[PDB]
Amino acid sequence: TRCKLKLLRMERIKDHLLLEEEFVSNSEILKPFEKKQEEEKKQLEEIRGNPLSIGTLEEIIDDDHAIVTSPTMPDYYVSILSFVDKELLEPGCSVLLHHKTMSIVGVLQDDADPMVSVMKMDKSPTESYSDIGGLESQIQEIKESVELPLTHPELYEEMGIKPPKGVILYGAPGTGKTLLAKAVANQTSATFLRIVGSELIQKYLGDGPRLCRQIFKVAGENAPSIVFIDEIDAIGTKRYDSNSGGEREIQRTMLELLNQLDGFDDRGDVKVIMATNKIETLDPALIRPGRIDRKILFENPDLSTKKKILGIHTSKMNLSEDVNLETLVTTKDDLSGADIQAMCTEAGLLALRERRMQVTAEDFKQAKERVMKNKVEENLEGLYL
Amino acid sequence: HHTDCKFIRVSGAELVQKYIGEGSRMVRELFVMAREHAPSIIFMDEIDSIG
Amino acid sequence: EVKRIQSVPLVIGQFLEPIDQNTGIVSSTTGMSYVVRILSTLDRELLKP
Amino acid sequence: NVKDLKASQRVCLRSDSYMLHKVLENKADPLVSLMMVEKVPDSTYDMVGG
Amino acid sequence: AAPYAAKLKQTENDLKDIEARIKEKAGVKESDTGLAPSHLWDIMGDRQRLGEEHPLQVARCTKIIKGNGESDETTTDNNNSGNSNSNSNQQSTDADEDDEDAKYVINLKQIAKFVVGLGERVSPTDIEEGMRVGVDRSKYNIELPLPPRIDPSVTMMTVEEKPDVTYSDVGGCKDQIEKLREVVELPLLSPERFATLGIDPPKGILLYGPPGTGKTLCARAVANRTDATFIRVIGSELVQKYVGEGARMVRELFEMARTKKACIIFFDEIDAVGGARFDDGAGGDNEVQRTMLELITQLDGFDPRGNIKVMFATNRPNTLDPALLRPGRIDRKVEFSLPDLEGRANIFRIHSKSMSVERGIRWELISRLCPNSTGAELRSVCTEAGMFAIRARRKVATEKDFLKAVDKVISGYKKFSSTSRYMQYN
Ligand SMILES: Nc1ncnc2c1ncn2[C@@H]1O[C@H](COP(=O)(O)OP(=O)(O)OP(=O)(O)O)[C@@H](O)[C@H]1O
Ligand SMILES: Nc1ncnc2c1ncn2[C@@H]1O[C@H](COP(=O)(O)OP(=O)(O)OP(=O)(O)O)[C@@H](O)[C@H]1O
Ligand SMILES: [Mg+2]
Ligand SMILES: [Mg+2]
């Protein structure tokens with residue numbers, strides 16, 4: 001009771017003050033200036049018409065022009081002029097054009113696009129510094145590769161080695177490979193990119209290779225970063241369709257991904273994470289070792305590892321005096337970490353079933369037998385016996 | 001009907017609706033719709049005679 | 001004068017749904033969403049689907 | 001205002017300048033129109049007893 | 001339930017306050033774009049924006065006509081073509097004469113084709129096939145030529161001249177490397193011997209092999225040794241190909257090498273772009289087929305090549321045209337393959353050389369334990385061993401630190417078949 005009040009003491013006053021502070025300041029900003037900056041703004045608005053057609057800058061020719069490719073079907077030789085500089089632009093950046101006669105009138109985007117919006121996230125990570133136990137060892141391998149160059153680059157220099165680039169998490173479902181990456185990201189306090197690899201692909205053609213570029217482009221602006229491209233399996237060796245409407249799309253999109261990962265330089269400052277079911281849903285060579293270090297094979301919790309996962313859950317639920325910690329383990333045979341969480345959800349539903357406010361002995365025992373029954377084989381001991 | 005939840009019901013695999021966008025991205029929009037109009041039950045179909 | 005407007009040429013679209021009781025949103029066979037004023041002297045009970 | 005328009009707000013526009021009208025919370029997609037087709041859920045557990 | 005219940009609602013209001021706080025924040029951002037040196041750009045800025053002088057559409061020539069002999073008047077003429085230089089100057093039964101030539105037919109990037117005239121800045125020697133040309137917003141006519149394609153500036157990046165790679169940065173003094181020397185250096189020094197024998201001197205080579213061997217390192221190695229300038233194109237890094245854009249990618253760099261003497265044209269990774277066509281496939285492409293048709297003819301044309309050598313690296317020889325695999329394009333074929341024990345000793349010695357480690361290590365000792373492998377895997381053993389070494393807090397990775405690193409890659413191999421052997425006691 002006393003400490004949840006202390007969270008309230010810290011959060012209510014500081015946070016409530018912060019809203020109020022923003023709200024007055026929006027007025028207050030205006031008042032210091034009354035000419036010069038106001039004037040320049042005023043003529044920016046006369047110059048720039050309403051609406052503005054979006055552009056994408058392909059390239060700058062150094063003579064006060066450029067070439068843009070726009071969602072308007074023909075391309076344009078546009079000029080660079082009015083409240084924009086030649087060096088305020090870089091190629092491949094998104095520009096704002098004048099409706100009447102296309103001209104770069106400045107930038108207020110700088111790689112602002114919807115695919116950027118999905119990718120950047122302001123969400124809170126689900127796990128923070130391995131909240132849920134088990135897989136102690138595997139995290140002390142992600143950390144060596146990913147977290148460790150960011151935190152201390154010096155140690156690699158004494159060693160005289162180049163620092164790693166990226167990790168590949170793979171193997172079993174229900175082992176929380178996608179959640180360890182979230183843990184590592186919160187530990188450092190890095191920039192995290194939840195983009196999903198499957199969100200670049202659509203029926204419509206020719207859109208995809210833009211999207212692959214934009215990932216590497218944004219990641220480098222906000223570096224240091226951790227990039228997670230989750231579920232790069234779907235864009236693997238496989239094909240969209242066996243008829244039509246996708247013969248090209250997977251082929252261009254994957255190839256284009258390998259290229260801009262290597263083309264950065266061999267960096268140890270923008271890490272990638274590829275989350276994949278297996279290497280049998282991807283191409284047999286990726287990009288392909290010395291360059292992609294390290295590879296982490298997830299396999300099923302062992303008796304030690306699954307104990308650890310379980311102890312977390314059971315303590316957050318009523319009672320444990322009824323059926324010993326050991327007696328849960330003993331009854332269970334080795335399975336993924338989802339099966340361990342599943343037994344506890346079912347146990348809780350069973351306490352509801354009885355209409356108890358205690359997880360009784362009976363509830364534990366049934367919940368254990370249920371999961372084992374899904375998920376079953378018996379010809380391991382049938383070949384034998 | 002009794003829970004006082006949304007319905008939809010999604011019949012089969014999604015590609016079929018294209019009237020605006022494509023059916024690949026209506027899966028992405030499954031989130032946006034489910035949440036705003038929560039409380040929802042979604043009866044997602046796919047019999048799997050695909051096999 | 002209204003009746004002239006009602007006769008051909010017309011472009012097919014498909015009514016989706018209302019947003020008001022006198023304005024609706026359609027999408028055409030052109031492939032463009034247009035928010036349209038609905039004409040008086042038509043269904044608005046059997047127009048909704 | 002730009003304090004009255006939010007991120008991910010659907011809006012109406014003209015077509016001769018695309019000048020805004022007003023805010024709309026009705027978001028129009030084929031999936032949302034699928035709910036219009038389906039209509040209301042029906043029946044009761046004792047109709048489907050056994 | 002007062003201890004948690006009351007405190008639950010209090011938790012909730014704070015979160016909602018925080019959501020509201022973020023929408024207040026993002027509606028105002030940082031002012032504006034106004035910069036004092038580009039406020040002076042505004043003086044010129046009003047005049048050009050209101051004038052009819054931009055934008056110019058990007059078009060590009062796709063078809064050349066000669067503007068007499070075209071068949072523009074069709075009165076007393078016949079066919080689709082005339083005399084190929086006259087059509088209205090030999091007859092006035094058309095009732096017209098015109099003296100316009102090299103009119104040219106452009107394509108827009110909307111895929112709409114138009115014939116246009118020529119400006120006051122244009123003459124037929126400023127225009128060509130494949131060259132960007134700017135045309136009006138309304139009624140079209142060429143104003144200013146723009147340089148050919150989107151290739152310039154993007155190609156130059158890929159080209160590095162005079163590599164900082166020799167046969168010290170390649171391990172093994174492999175069989176392929178000995179046949180590689182014969183192709184570049186030997187007919188460059190002395191084209192006399194080849195002439196007298198009555199063989200036509202090797203100048204084509206295709207380096208191919210599994211990934212991770214270092215087919216490229218060698219190719220760079222000899223480029224420096226022969227002391228020739230190096231021109232590189234990578235046809236899976238450079239993916240411009242659209243309607244014979246990649247034929248312009250090929251042409252420039254080949255054309256540049258040809259103006260110089262003592263050169264290497266290295267065409268790399270041509271599995272795509274100038275590679276296999278996908279008409280047969282479901283891809284329907286024959287955009288990479290223009291790149292192919294150009295590449296062949298550039299070679300064939302260059303011949304005798306004056307001791308300027310055309311090299312090829314491609315991963316697979318399955319992605320090549322059988323016209324390349326006729327002699328006079330490719331003459332020598334080298335498959336790169338797994339290095340021997342000492343060859344794998346050498347790739348380990350270079351990796352280890354960069355490291356700051358204890359010197360008491362012996363390179364042969366480590367590579368024994370190692371199986372037959374790719375160079376890229378031996379890069380991995382040193383980088384992995386580096387990570388184990390800092391973790392244990394040694395500033396050196398001992399011989400023992402590299403044996404742990406070797407073992408983990410192998411253990412994976414065991415996981416995919418079956419573990420445990422008879423070599424735990426033999
Ligand atoms: N080391 C760990 N970190 C995080 N959670 C873990 C750990 N070990 C086990 N778990 C357990 O595994 C459960 C399942 O995780 P989750 O279902 O997200 O799996 P995944 O391997 O990322 O899957 P998918 O293939 O479905 O994308 C967690 O909820 C937790 O109970
Ligand atoms: N001969 C070698 N000497 C030293 N290291 C080597 C050698 N061969 C390969 N390696 C290592 O492997 C890394 C990557 O492979 P490399 O670029 O040499 O190969 P490739 O088979 O020509 O490749 P790709 O399929 O990427 O074109 C090198 O940067 C280097 O560290
Ligand atoms: Mg996952
Ligand atoms: Mg190579």
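Each residue's number is its place along the chain shown, starting with 1.
Recorded method is electron microscopy, 6.1 Å.
Cβ coordinates are placed from backbone N, Cα and C, and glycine is handled just like the others.
Quick look at what Swiss-Prot annotates:
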REGION    E:67-99  region 'Disordered'
COMPBIAS  E:76-93  compositional bias 'Low complexity'
MOD_RES   E:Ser123  phosphoserine
MOD_RES   E:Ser190  phosphoserine
BINDING   E:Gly209, E:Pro210, E:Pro211, E:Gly212, E:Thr213, E:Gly214, E:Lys215, E:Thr216  ATP binding site
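Feature annotations (Swiss-Prot) mapped to structure.
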| residue | record | contacts (Cβ under 8 Å, 6+ apart) |
| --- | --- | --- |
| E:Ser123 | phosphoserine | none |
| E:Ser190 | phosphoserine | none |
| E:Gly209 | ATP binding site | E:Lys215, E:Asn315, E:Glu335, E:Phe336, E:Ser337 |
| E:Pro210 | ATP binding site | E:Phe336, E:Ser337, E:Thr374 |
| E:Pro211 | ATP binding site | E:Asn315, E:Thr374, E:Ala376 |
| E:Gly212 | ATP binding site | E:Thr374, E:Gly375, E:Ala376, E:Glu377 |
| E:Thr213 | ATP binding site | E:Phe336, E:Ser337, E:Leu338, E:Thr374, E:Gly375 |
| E:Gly214 | ATP binding site | E:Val170, E:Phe336, E:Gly375 |
| E:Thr216 | ATP binding site | E:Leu207, E:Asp268, E:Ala313 |
Residues of the compositional bias 'Low complexity' (E:76-93) by DSSP state, where helix covers H, G and I: 0 helix, 0 strand, 18 coil
E:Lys215 (ATP binding site), number of other Cβ atoms within 10 Å: 22
Chain A neighbours, filtered from recorded positions E:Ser190, E:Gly209, E:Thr213, E:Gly214, E:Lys215, Cβ-Cβ distance under 8 Å: none
Assigned element (helix, strand, coil) containing E:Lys215 (ATP binding site), judged by DSSP: helix
Recorded positions close to ligand 4 - of E:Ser123, E:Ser190, E:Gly209, E:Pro210, E:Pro211, E:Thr216, only those whose C-beta is under 6 Å away: E:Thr216
E:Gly209, E:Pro210, E:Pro211, E:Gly212, E:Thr213, E:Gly214, E:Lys215, E:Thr216 excluded, remaining Cβ within 8 Å of their centroid (ATP): E:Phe336, E:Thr374, E:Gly375, E:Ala376
